[PDB]
Amino acid sequence: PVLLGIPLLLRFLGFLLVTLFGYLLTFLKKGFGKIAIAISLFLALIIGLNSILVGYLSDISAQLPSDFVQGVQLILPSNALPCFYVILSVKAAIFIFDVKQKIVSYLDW
Amino acid sequence: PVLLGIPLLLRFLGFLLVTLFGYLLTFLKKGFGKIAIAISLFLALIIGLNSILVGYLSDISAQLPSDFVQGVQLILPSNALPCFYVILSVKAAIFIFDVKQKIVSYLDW
Amino acid sequence: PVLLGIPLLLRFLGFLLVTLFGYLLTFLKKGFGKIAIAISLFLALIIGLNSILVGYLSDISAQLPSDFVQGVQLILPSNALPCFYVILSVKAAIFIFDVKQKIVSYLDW
Amino acid sequence: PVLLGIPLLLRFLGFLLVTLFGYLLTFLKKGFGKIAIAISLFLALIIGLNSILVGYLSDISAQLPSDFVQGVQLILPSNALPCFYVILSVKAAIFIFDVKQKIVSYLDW
Amino acid sequence: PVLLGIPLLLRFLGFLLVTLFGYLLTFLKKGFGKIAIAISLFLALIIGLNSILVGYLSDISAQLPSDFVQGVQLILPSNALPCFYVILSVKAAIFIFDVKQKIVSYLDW
Amino acid sequence: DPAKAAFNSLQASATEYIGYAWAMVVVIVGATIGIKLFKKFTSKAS
Amino acid sequence: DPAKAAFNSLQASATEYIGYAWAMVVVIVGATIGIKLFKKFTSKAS
Amino acid sequence: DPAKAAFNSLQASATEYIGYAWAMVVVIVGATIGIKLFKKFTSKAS
Amino acid sequence: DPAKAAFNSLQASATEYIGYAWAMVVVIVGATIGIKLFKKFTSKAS
Amino acid sequence: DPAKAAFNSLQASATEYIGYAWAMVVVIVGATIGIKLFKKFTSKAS
Amino acid sequence: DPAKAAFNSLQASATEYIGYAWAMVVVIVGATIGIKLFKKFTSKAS
Amino acid sequence: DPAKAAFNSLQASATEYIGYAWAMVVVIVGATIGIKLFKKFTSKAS
Amino acid sequence: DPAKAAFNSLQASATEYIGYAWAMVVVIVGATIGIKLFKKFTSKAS
Amino acid sequence: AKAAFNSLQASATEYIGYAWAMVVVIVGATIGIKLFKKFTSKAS
Amino acid sequence: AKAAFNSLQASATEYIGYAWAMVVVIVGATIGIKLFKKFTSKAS
Amino acid sequence: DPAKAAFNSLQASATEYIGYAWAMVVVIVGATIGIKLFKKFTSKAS
Amino acid sequence: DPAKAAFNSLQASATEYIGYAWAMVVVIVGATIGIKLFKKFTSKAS
Amino acid sequence: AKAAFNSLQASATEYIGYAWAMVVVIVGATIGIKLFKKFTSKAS
Amino acid sequence: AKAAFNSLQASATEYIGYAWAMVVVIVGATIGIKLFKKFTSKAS
Amino acid sequence: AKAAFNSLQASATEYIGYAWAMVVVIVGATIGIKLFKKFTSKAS
Amino acid sequence: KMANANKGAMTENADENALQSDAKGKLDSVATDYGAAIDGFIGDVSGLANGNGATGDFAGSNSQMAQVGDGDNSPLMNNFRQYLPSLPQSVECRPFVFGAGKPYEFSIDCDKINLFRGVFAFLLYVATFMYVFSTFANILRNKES
Amino acid sequence: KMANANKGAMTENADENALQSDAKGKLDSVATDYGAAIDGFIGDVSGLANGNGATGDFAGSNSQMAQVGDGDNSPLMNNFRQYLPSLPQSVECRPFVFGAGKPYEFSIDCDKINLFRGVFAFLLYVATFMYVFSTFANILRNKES
Amino acid sequence: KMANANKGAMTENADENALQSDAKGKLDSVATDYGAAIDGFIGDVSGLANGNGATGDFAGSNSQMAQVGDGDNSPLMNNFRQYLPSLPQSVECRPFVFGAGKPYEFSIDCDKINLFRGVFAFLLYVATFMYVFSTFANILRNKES
Amino acid sequence: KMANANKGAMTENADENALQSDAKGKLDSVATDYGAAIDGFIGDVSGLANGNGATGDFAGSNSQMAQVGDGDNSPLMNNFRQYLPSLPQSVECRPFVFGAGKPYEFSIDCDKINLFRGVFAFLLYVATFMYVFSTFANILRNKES
Amino acid sequence: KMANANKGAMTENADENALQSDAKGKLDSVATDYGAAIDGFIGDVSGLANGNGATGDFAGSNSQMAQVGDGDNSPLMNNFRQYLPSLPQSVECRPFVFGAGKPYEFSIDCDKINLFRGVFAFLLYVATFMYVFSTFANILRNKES
């Protein structure tokens, strides 16, 4: 019980809203792709830096001579190498903790 | 005293506004859930790191021998252990202060 | 010189705009309240940490014995205590500068 | 060739859009003023801290005695004072670089 | 089969939406230009600081005398200069890694 | 022979001195270690 | 016997020397502690 | 001549002492290096 | 008496030696202070 | 035979001399050790 | 007089010893400086 | 000829004296080296 | 008896020698302590 | 004649016995003081 | 004869008394200087 | 005159003694310098 | 009286000996001070 | 006369041979102890 | 007799005067060298 | 008489010449060893 | 009056006070939920921060924040106390006796040990006080404290 | 003219200058509140920062910011001054006398002590000046100063 | 009734329950995609963080995050272990013999070496424990640990 | 034709090219102000950063940025130069003479002092060069330089 | 049928499939430009980051990023290499001869110098390896490396 053109106007308004909200959805997906690209670049940079750093250590390698072994074994307690390995393990744990915390912080983008 | 279709058009406009604002409310709740997930992940990472670090200290444990006790007791003043414990307490207080400040900073998400 | 319902439609549109913009104003005031709460929490945490730290220093207090005073007075130049107090004043100035800079940075919320 | 009220409705819609966009412009100018105020406060805090720090150095001033000059001149190479001045110049350059980088970062507000 | 003015009203609504979205596009391009300007300023500041720092080292230059060469060659192992160069290379790699990470972080503007 | 008896007495006296010196050096070493540990804590803290 | 009197006099002189040396070493130790404390402050500050 | 024989014997004894001293100093140097390396690790870590 | 004259001459010679030694030690102390100050600057910078 | 009694008397005199010397050296070494330990402990403390 | 000739010979021998000692001390000083420079680099790096 | 036998007897006495002295000096030097190494190792450890 | 007077005269001469020696040694030790304290204080200060 | 030589030899050995009994005490005291000082210095 | 020996013994003891009275002073001065130097060096 | 020949013979004996002593002291000082330099270089290296 | 002339001659000989000894000791002490100062300055510089 | 001088010269040289054979041992022991102490001190 | 003793006493004192005049120079030189070495070592 | 004194004086001076020629070598060797040890120690 | 008939045929009686009231009522009934959600998030985060507590999405972090602790008693930090190295407890000074019972018996008089113990206590305080002062002065700076 | 009758039946006189004025008046009367709220927040935060003061929601932080202090007088920092260790006050040099009244009486002439006191004062200045210079040079860097 | 005829001529029957239902259906059918995209992004980032895994755009970072590692076993860090310097393994104490077979034969009794080895082990623990404690206490501070 | 009469009665001639042109003209005339404001803010901040200058709201910071300085000449830093401690100027080496005029007169030959001065200059360079190199390498790291 | 005449007089034939198509076509033709701009910005920043390159507004930073360098060869860092201090090149050991040609001629046997050179090389490695390991472990921490 309404004049002509009112249903057509309402359909046009609904169509406009649907089109605009679809555009918004597309832009949201673009932003998510941007975030993924950023995370990938960050991790790739870390991996490349690691590769370069590991390579340098091959050239300058050196070993303790046969001498000085007797004295070191004379003094070395049972918990020296375990302490050194604990320090290295702590270093690795802190590194991966920092990486994971950065990944978590990427939730704010 | 108005033509047919005007009240229907006004009702349609109100319905559209209500639906859009409800969508906005749903998205806001989604964002709040995201913030809660981020906080939970951050605290869980801290707890896991603590668990790993506490475990390493069991292996490398060692004790001061029976000797050297006499000299330490000979020299030790009354406020050495209190100072050491004050330093440890300061370390713990600063740690929890940093954690709480990070939780506060999560208000900007 | 217009058909019936046009002025009513225009009034309805104006009413809708006014209501929506009032909702926006209310949400803005909510956000400002959130910022104020965050600042209050941050300052309260600082004050509590200060209170805890000041308390620890009472127990471990100690004084220089009556001896060793003669030698210290023998060597002490006229600008030793002024230098120590200048260092302490610099520490306090830097602390309050950092606090004020954080308060300034709270303008971006 | 249209019914009465359509041109009036279109003019009303245009007027509403113009008014809303003008409000948006006013709010944008308010935000820019806020950013300018923040920058001014930050620089003023730096200047005040500098003023306080420069004042402390007057009291504790002291000079090398007439003796010990002969030995210092006996040993001092030609590039000692240039090295000291280079260090001071590097300190100043890094300070102003940090200040300018902060000013640049204020573009994200 | 609709009254006069409905198609004209729909065309006007479409025209308004197109104009507003074009304004949004223009503002987006302005923001991208702002980001590019910020990146350019940051890199230019780094380059200028480098130029100043490189210049200072010309004046204070000095060389090891002809003596003391015999002893250094007497003691110097085969992997001293390689270690020094590895340290310098690590410094350069970390510097460029930091620069690239800052460039990546500019994706959040 | 008196000479060998005197030499053995001197050796025994030296052994007693060595034992007492070992005890005293252990005590003094313990004191030095205690001083360094309880100063290192505060020093490294800051 | 003169020998025991001379030995006691030497012991008394040694005791007086020990007392004076203790006083002077306490003064010098105080000076050293003061120097280290007032240099450590500025050094640790920077 | 007995003098030259005695001097050569003394030189040989000195050479033996030098060899033994070199061995012992190498051992003690190794011990010192080990102590410094395994304390430096933890110290630099913190 | 020649003895007292010789003792006074020795005391005067000692006084002259003390004065010269004081001058030279002041110069060397100044040199040491200069070396430490101009090495500490660069060392603390880095 | 007066020689035997004379030898015994000289031995007794030597013994009493040894006793006095032991007392004095104990006092001197005790003071030296005390001063040295005080200086070492203070040097390590600061 | 033989005495002055002997004294001059001793002085010449001392001068030769001084020259050789100066050369050797310069070499050893260079070695010490090299050791400290090439250890300081790595140590300051970390 | 009693002189030859007397010289041989004095040589044997000197040899036994040398043996006793060697034993005592070995004990003393061993104790000194042990104490010195203990002090050095502890000083380097902390 | 001239011997008693001669002994008294030698004792008086020894006493005056002791006085002169005490004066000279006081001067020398004072200068040495002053120089040593100056060097120690300056070394600790920088 | 021979009896005089025998008596002189006996008296000589008696005195040597006493000289040794004295020198052992003197040398023991000297070496004791020396070692005491050396070891109290080394231990501290 | 006997009186001469008695007089010589008495004179000998008188001289010993004087020799001791001299050597005590000399030795006291020497030991005082030695201990003074040693302790002033140790204290600084 | 036998005295002149005797003096020449003693001079030749003294010269050969000096040669042997020079050889031995060169060996001893070389070993001492080597050990000292090794200890110094190792101490500076770590 | 030949004794007076002999004493004067011995005094002159002693004086010339003192002069030569002074020259040699000045050379030796100058070299020692130079080497010591060089070593100290280099040690403080690095 | 001449035979007495020859015998005295021979006996003198015989004793010199024994004195040298003794002093070599004594000096060797002394120098050995000295070098032992010096090198054990230098090595540690 | 008495004149001979007087002459001997005078000659003795004359020689003592010369011996003192020599020993003062010798001792002064020795002490000067000792103090020179000691103070040049202490100052550096 | 006088000729004997002249011969004794000449022989005495001849021996002094030889004693000096010996002592110069001995003292030179001793001082050389001393200075060698001192300077090799100071330089290292 | 045909005008009246045509006007009545194409007219419906609509009241502004009804349509406006209905629209405003619906919009308010949903905006109150919006504001309640915002305030709930704010309260949850504030309660997590100051130890009051959180409800809803943030309720799961209450256990974690209680494990972190408040004041200076951190249950996360107290785990290290079990492995804390054992150190001697300070007692009164006892003199050390060298060669007890022998003629060379000397003992440390322990009178100067107490003076050294006093100066050591003073130095330990001045170090701890400076450490705590710098710790509080450098809280906003990202430095170890 | 039936056209006129039908036009009059379905027409209401509406003025653009009235509807536009009413809508703009309402929108301005609420946008002024919007701008006032924004400016009030800005002023409150600026006053907290520079010590002028804040009113409204931020009024509660005025006490906290006054407790922090301004310039260099921080009431939060002055709490540590009560526990500051006591140190001797520098006075003129008094010579030390060894063995007073004895033949071995020597005293430190205190002439070189003043020279040492001068060089010590110079070294203490150069250290404090360098510390303050580096403190100001590293304010933006997150480092202890 | 001409009014009825004119009303019928310019009227179309429109139902509110149809137009509203259609518009809401379309809007919901697209808003569900919106919410699904948001939740997918959240899940992907959370899975990357906690090691569960990611799908879609973030699937490419799964390999990188697996290479980083979790717990304390970092394959990126284990590359340095191949170049780790070789150090002697601690064994029981063997006495050192000087001048074996000679009259001057003395050996280190190795009784005090064990005591030194015990105190050295204690010192190494106290250093490592303090390092780990400070490492955990300064995790949020941007400091090396 | 009553249809024509009724159509003419309720119809107003409206042109799309007029209403569209008017609306677009107003919207452009205000959007140009929007863009001008954005560009003005950008230019002001850039000019403050690079030393070109700012106009408008940021004009007040021009004095502050000029006081900070550019290059390496900072008027804020030059205030410390007035209180810079005075140090001796390096000159040629003069030998030191001990006991001038006395038989024990020896002087430092100053030949080795020049060699020491050369090696000292070399060490001072290697330290300053390393400091500057690390300073530039750690500019983005929040560390003192 | 007057109803039909009146309906025909005030009716225009409008097609939904035409107006909807036109509006969607215009909106898509501008939204494609929007998406192209977003993707262009993303690609430019990514290319600047990973060294691929940038076009458009960011094209001016290509020269600066090429000057920074990639891998470990930084042209900005290589400027310092020209002023790098010159150091001797390690060669084989040559014994030092004291007093050549004299009776006191002794030389360093250089047999132990090689052993010291080996242990020195080992120590230099362990230091450099630890430095590199800690450098990589503290990359995210704002610390010098």
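Notes on the overall build of chain A
Point 1. For chain A, the helix and strand inventory stands at three helices and zero strands.
Point 2. In terms of overall size, chain A is more extended than a compact globule, its C-alpha atoms giving a radius of gyration of 31 Å where 109 residues would be expected to give roughly 13 Å.
Point 3. Judged by the C-alpha coordinates and their principal axes, chain A covers about 105 × 30 × 10 Å.
Point 4. Evaluated residue by residue, chain A yields a buried proportion of 70% over its 109 residues.
Point 5. Roughly 3300 Å² of accessible area belongs to chain A as shown, and the carbon and sulfur atoms make up 63% of that amount.
Point 6. Side chains of chain A carry 7 positive and 4 negative charges; the gap between the two charge centres is 30 Å.

Brief notes about unusual backbone geometry
Point 1. Despite not being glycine, E:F68 shows a phi value in the positive range, around 70 degrees.
Point 2. With respect to the helices and strands, the residue E:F68 is situated in the loop between α1 (6-56) and α2 (69-75).
Point 3. The backbone phi angle of U:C110 is positive, close to 55 degrees, even though this residue is not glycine.
Point 4. Along the chain, U:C110 falls in the loop between β2 (106-107) and α4 (111-137).

Some details on the environment of A:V72
Point 1. Its location among the elements puts A:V72 in helix α2 (residues 69-75).
Point 2. Once residues lying within four places of it in the same chain are set aside, the contact partners of A:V72 are H:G30, H:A31, H:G34 and W:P88.

Details of the interface of chain A and chain W
Point 1. Chain A puts 63 residues into the contact, and the matching count from chain W is 58 residues.
Point 2. Of the roughly 5900 Å² buried at the junction of chain A and chain W (both faces included), carbon and sulfur atoms supply 74%.
Point 3. Among the residues chain A hides against chain W, the three largest losses belong to A:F21, A:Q73 and A:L74. Together they make up 10% of the total.
Point 4. Connecting chain A to chain W are zero salt bridges.
Point 5. At the boundary of chain A and chain W, one finds eight residue pairs in polar contact.

Some details on the UniProt feature "transmembrane region" in chain F
Point 1. Residues annotated in UniProt with the feature "transmembrane region" correspond here to residues 21-41 of chain F.
Point 2. From the first C-alpha to the last, residues 21-41 of chain F spans 30 Å; its make-up is 100% helix and 0% strand.

Brief notes about a negative patch on the surface
Point 1. Side chains of A:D108, B:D108, C:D108, D:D108 and E:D108 sit close together on the surface and give a patch of like negative charge.
Point 2. Inspection of the secondary structure assignment puts E:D108 in the segment after α3 (80-105).
Point 3. Judged by its relative accessible area of 38%, E:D108 is partly exposed.

Notes on the domain arrangement of chain A
All names here are of chain A.
Point 1. Each domain of chain A was delimited in the assignment, giving domain 1 (8-55) and domain 2 (74-109).
Point 2. The centre of domain 1, based on its C-alpha atoms, is set 34 Å off from the matching centre of domain 2.
Point 3. Of the roughly 590 Å² buried at the junction of domain 1 and domain 2 (both faces included), carbon and sulfur atoms supply 88%.
Point 4. Ranking the residues of domain 1 by area buried against domain 2 places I35, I39 and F42 at the top, with a combined share of 65%.
Point 5. In this assembly, domain 1 and domain 2 are joined by zero salt bridges.
Point 6. Between the two partners, domain 1 and domain 2, sit zero residue pairs in polar contact.
Point 7. A per-class count over the side of domain 1 that touches domain 2 returns six nonpolar, no polar and no charged.

Topic: the UniProt feature "transmembrane region" in chain A
Residues and elements named next belong to chain A.
Point 1. When the UniProt feature table is mapped onto this chain, "transmembrane region" is found at residues 2-22, 35-55 and 79-99.
Point 2. Spanning residues 35-55, this segment combines 100% helix with 0% strand, and its end C-alpha atoms are found 31 Å apart.
Point 3. Taken end to end, residues 79-99 is 95% helix and 0% strand, and its two terminal C-alpha atoms sit 30 Å from one another.

Topic: the packing of helix α1 (residues 2-45) of chain K against helix α4 (residues 111-137) of chain Y
Point 1. Across the interface, α1(K) lies against α4(Y) with an axial gap of 8 Å and an inter-helix angle of 20 degrees. Relative to α4(Y), the element α1(K) lies roughly parallel. As for the relative orientation of α1(K) and α4(Y), their crossing is left-handed in sense. Touching K:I35, K:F38, K:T42 and K:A45 of α1(K) are Y:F116, Y:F120, Y:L124, Y:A127, Y:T128 and Y:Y131, all from α4(Y).
Point 2. Here the contact of α1(K) with α4(Y) is built from residues that sort into eight nonpolar, two polar and no charged.

Regarding a positive patch on the surface
Point 1. On the surface, F:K40, F:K44, G:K40, G:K44, H:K40, H:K44, I:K40, I:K44, K:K40 and K:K44 cluster together into a positively charged patch.
Point 2. Counting residues per element, the ones that place at least two in the positive patch are α1 (2-45) of chain F, α1 (2-45) of chain G, α1 (2-45) of chain H, α1 (2-45) of chain I together with α1 of chain K.
Point 3. On the secondary structure map, F:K40 appears in helix α1.
Point 4. Taking relative accessible area as the criterion, F:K40 reaches 46% and is therefore assigned partly exposed.

Some points on the pattern of salt bridges
Point 1. For the structure on display, the rule yields 35 salt bridges over all chains.
Point 2. A salt bridge links K:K4 to K:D1; the shortest N-O distance between them is 3.9 Å.
Point 3. Classification of K:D1 as exposed rests on a relative accessible area of 60%.
Point 4. Of the charged contacts, one joins K:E16 and Y:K102 as a salt bridge, the two residues approaching to 3.5 Å between their closest N and O atoms.

Basis of the calculations
- For each chain, numbering begins from 1 and proceeds through the sequence as written. The entry may number the same residues differently, and residues missing coordinates are not shown.
- As a convention, the first chain written is A and the first ligand written is 1, with the rest following in written order.
- Water and hydrogen atoms play no part in the side-chain values, which are based on all heavy atoms of the structure.
- Secondary structure counts use DSSP, requiring at least four H or I residues in a row for a helix and at least two E residues in a row for a strand, with both numbered from the N terminus.
- Throughout, the radius of gyration refers to the C-alpha atoms, and the reference size of a globule is 2.2 Å times the residue count to the power 0.38.
- Only protein chains enter the calculation, and the probe is 1.4 Å; a residue is then buried if its accessible area is under 20% of its type maximum, exposed if over 50%, and partly exposed in between.
- Areas reported here follow the Shrake-Rupley algorithm with a probe of radius 1.4 Å; residue values treat only the protein chains shown as occluding.
- Charged-residue counts in this description rest on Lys and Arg as positive and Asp and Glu as negative, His and the chain ends being excluded.
- The location of each charge is read from NZ of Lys, CZ of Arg, CG of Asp or CD of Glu.
- In this analysis, two residues are considered to be in contact whenever any of their non-hydrogen atoms come within 4.5 Å of each other.
- Computed with a 1.4 Å rolling probe, the buried area is the accessible surface lost when two parts are put together, summed over both parts.
- Whenever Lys or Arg places a side-chain nitrogen within 4 Å of a carboxyl oxygen from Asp or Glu, that contact is recorded as a salt bridge.
- As used in this structure description, the phrase polar contact means that two N or O atoms lie within 3.5 Å; if the pair is within protein, one of them must be able to donate a hydrogen and the other to accept it, and residues adjacent in sequence are counted only when both atoms belong to side chains.
- UniProt positions are given in the numbering used here, feature names are shortened, and annotations may be inferred rather than shown by experiment.
- What makes a patch is a set of residues exposed beyond 30% relative accessible area and free of salt bridges, joined within 9 Å when like-charged and within 5 Å when nonpolar (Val, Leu, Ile, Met, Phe, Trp, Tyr).
- The split into domains, and so the bounds of each, comes from an automatic or database assignment of domains.
- The classification used treats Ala, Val, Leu, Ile, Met, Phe, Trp, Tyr, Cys and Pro as nonpolar, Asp, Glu, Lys and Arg as charged, and all other residues, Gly among them, as polar.
- Note on geometry: axes are lines fitted to C-alpha atoms, helical ones only across the stretch in contact, with angles between N-to-C directions running from 0 to 180 degrees.
- Reported orientations rely on four angle classes, namely roughly parallel under 35 degrees, roughly antiparallel over 145, roughly perpendicular from 65 to 115, and oblique for the rest.
- Put simply, a crossing is left-handed when the front helix is turned counterclockwise from the back one by less than a right angle, and right-handed when it is turned clockwise.

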